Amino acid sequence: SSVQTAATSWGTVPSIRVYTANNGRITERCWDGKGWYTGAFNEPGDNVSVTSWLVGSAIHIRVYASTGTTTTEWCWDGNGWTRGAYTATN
């Protein structure tokens, strides 16, 4: 019985983000080339996946957090985390 992780990265430094689901909550550890630190992402979830893409130099991250049959999308677009439009019928 283990924590569950999801990871994404970008650029050539690189930056890395690792999300960990643990006892119903998801937190984030970050690397920007100069040591690991705790990130701002903090949301409910028993399961996590992540994807990200660059528009020029700007990173955009989408985290999919699931509890039961409900998946919530969280969005990073250079400012804060916001709730995304994702829905599903589970």
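Note that residue numbering follows the sequence shown and begins at 1.
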On average, which has the higher Cα B-factor in the deposited entry, 41-49 or 28-36? 28-36
Could you check which stretch, 75-83 or 14-22, carries the larger mean CA temperature factor in the entry? 75-83
Could you place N90 in the lowest, middle or highest third of its chain by Cα temperature factor, using the values in the record? highest
Lowest, middle or highest third - CA B-factor, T5: lowest
For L54, the third of its chain by CA B-factor is the middle
